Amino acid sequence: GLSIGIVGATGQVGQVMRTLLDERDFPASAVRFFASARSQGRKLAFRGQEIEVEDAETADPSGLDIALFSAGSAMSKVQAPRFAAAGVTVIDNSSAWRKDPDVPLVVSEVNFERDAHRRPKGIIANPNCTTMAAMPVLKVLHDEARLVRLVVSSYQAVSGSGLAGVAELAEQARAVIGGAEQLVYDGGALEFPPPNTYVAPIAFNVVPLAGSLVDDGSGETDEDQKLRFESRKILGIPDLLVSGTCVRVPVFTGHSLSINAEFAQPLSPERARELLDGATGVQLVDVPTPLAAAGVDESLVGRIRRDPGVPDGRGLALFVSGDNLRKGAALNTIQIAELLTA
């Protein structure tokens, strides 16, 4: 019955959107693909036929029920309203609409019922991938005990930066692997291909800098701040206290978060495990890892401990890993599309 479009169909997220529409048997009677000029004209196979890659800027959106955007914020600022004007419900995987009070910022199993129905601009915004990984986990704990403060340190995979991050990690690793053991005694022993995407080499390194420094005197990047703004909007906690540090690691796909979460009443590790074991979009594991998360749908959560720095057992430390291309981007937009058409 449904007509679906994918805007930005050739990028990594677009590819995963395509794979998931197919794998999840999304009941779309028509599927359309869009990219930008010079990518358009080409056809891409989808379930037994070849689909034209149309021009997102100039193609006619009429007829589409839902469009999944993963084409950057610039494209979204212009095209999402154009599509919505043509009657299309837009689900946007970009930062363009996230701060707009008339655009719900939705994690499918968290705040769909609460926020998704109120969309006067015809747009639903897809959350930041790093934040998204934590949301199915934190929602469950919040409902139980009321979340009041987060400390977060992330371990972010390079596919977060698109193909460019993947290529930068791969080319560096390939160039230096031959002399790798020398890095044990001298981090400058080898010749790394010059970094381009990242501020330092990423292979065999960690880089505590993701994004642009916000012009607010804070020293925080926009990615650091997304953890604050988006957790607040998604969980419906306008005054949530959040301190996040986004750190890039040499992992291809799978973002991880070391989370110290404080609640308004005591919440034990045993009780947190009991609640998360049940939970939608969550899998309880002893040691979450991004390799285990990459290619699967659920947020992996474990290493749940009391944080003694919070009085009276109101604080936990826990670790989460999640696929940043799947739940972190493509999958969530599709789950929203599923709930919209249930």
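All residue numbers are counted from 1 along the displayed sequence.
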| query | finding |
| --- | --- |
| Selected stretch [higher average CA B-factor]: 266 to 274 or 242 to 250 | 266 to 274 |
| Per the entry, higher mean C-alpha B factor between 287 to 295 and 50 to 58 | 50 to 58 |
| Residue, from 142, 77, 233, 226, that the PDB entry assigns the highest Cα B-factor | 77 |
| Ranked C-alpha temperature factor of residue 192 among modelled chain residues, by third | middle |
| Among modelled residues of the same chain, the CA temperature factor third for residue 10 | highest |
| Entry-reported Cα temperature factor of residue 165, expressed as the chain third it lands in | lowest |
| Third of chain Cα B-factors occupied by residue 201 | lowest |
| Relative C-alpha B-factor of residue 282, binned into the chain's lowest, middle or highest third | middle |
